[PDB]
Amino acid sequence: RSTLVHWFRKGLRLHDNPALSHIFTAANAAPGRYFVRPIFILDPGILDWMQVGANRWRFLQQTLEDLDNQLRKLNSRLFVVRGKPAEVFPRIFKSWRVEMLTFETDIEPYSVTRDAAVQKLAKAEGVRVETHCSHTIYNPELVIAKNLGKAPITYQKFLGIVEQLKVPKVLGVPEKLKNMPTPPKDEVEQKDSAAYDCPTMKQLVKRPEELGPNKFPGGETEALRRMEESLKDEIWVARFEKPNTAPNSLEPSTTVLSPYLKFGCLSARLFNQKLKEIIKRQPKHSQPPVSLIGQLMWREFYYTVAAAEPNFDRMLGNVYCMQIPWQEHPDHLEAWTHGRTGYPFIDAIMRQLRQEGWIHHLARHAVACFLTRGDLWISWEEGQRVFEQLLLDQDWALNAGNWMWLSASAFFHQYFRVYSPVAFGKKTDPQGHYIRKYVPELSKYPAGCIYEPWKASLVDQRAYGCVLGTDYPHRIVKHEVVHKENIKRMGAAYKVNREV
């Protein structure tokens, strides 16, 4: 008896999962010949390549538990294998007599490298590998082909390409496994009946004092519930315009499906299909780029440009990226990283990010503009790394692509438009309720100076119980001065890049 293996990496779902569906149908169309091992590998190698903060570890822990729970409802289970894929797969290919291995493809360079190796090993041991592109709606390889070998570098050109592509068929959940025995323990399972059980919170979260509020629980079950809740107001869905959603409402103004889409707890193909059904029903609706479908297409757009560029997450060697002489300023980077810049709006966003792991798109604009071209003139690569640590929805392509946009390094070139860290929040939160929540030491400042506490006299600062320089920091830079200087620096950088 030989085993069929589905390998979860992203695609942490049962629904719309061709790679997992195929394994299950095969076992049921040939009962008694096959064992089924759906596995997730806790790969120590990823940690040399990315930073993972406490909140995202908890999201993953919750996700694996949910996935295990869901697979048990199909008379299977999740097997979580600790170890490096390069060492894990030779062992299990033999110990399990693996006939077929399936998985969902991914475009990240670490994935491409790791997957090539596993495919060279699988080819040697005569294991059939079947892969499916279901993390994105469109296959970036096909978008690039249709555009004659280059990724489209504007959203509009990208949309014109993908309109002519076939939308994939969205699958349901696999059928339960008919009359399948629990596979026989292997070398590892026999010395430890739990060697493959889902990690506990304690095993994955080494810094539990860094966990914030548990607001967006991991897993497909929660993803589908949140999707269904977001889709209940069909008018809100149909008429959604991303630029008009508030970054500093106390409740999120957008769907917060991004963590679920990042891990593939939610199929983007399913979400796209559900959105299209509502749009069909609601004749007055928005269009890309600002519509909700438009948002999924931004994800597709960045996945496509990123697929063509292994250096997408760095300035050097990145075909898209303007070479800009960013400066090193460790103290300013640290103040930004910890929300101690002395601009309350910026600090509120960075504290929400650290505590909760999600901030709105335009809140990400504000802080990324401040770090890079707007104020501190620090490389977007530094911002990317902090976001990588703190965001539940950390996504190699999306983080890099939007950082390049916000820093005017690629895709966006109107660097003379600079967010103000004082004025920008006021449009949608003139009372500063968001600042009061995340910078509570300012909570007694009136609306007239809560965005600009340095405009309060010392007497009033003492009265409000928050003296600048003691209880809340002084501004680390004066926006009105530095952002004018940075516009000149950017223009110089654009000139140099144009001459090369």
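Numbers for residues come from their place in the sequence shown, where the first is 1. Rigid core here is just the name for the largest C-alpha set that superposes within 1.5 Å across the two forms.
Core superposition of the other structures onto this form places the C-alphas of 48-56 farther off in 9 other deposited structures of this protein than those of the other stretch among 48-56 and 443-451.
For the segment pair 16-24 and 487-495, the entry gives 16-24 the higher mean B-factor, averaged over Cα atoms. Between 165-173 and 324-332, the higher mean Cα B-factor belongs to 165-173. Comparing C-alpha B-factors across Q352, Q190, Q273, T102 in the deposited entry, the largest value falls on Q190. The residue among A122, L391, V422, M297 whose C-alpha atom has the highest B-factor in the PDB entry is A122. Sort the modelled residues of the chain by CA B factor and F240 lands in the lowest third.
Looking at the C-alpha B-factors along this chain, the one for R436 belongs to the middle third.
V36 sits in the highest third of its chain by CA B factor, as recorded in the PDB entry. Ranked within its chain, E130 lands in the highest third, by CA B factor from the PDB record. Per the PDB record, residue ranking by Cα B-factor puts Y138 in the middle third of the chain.
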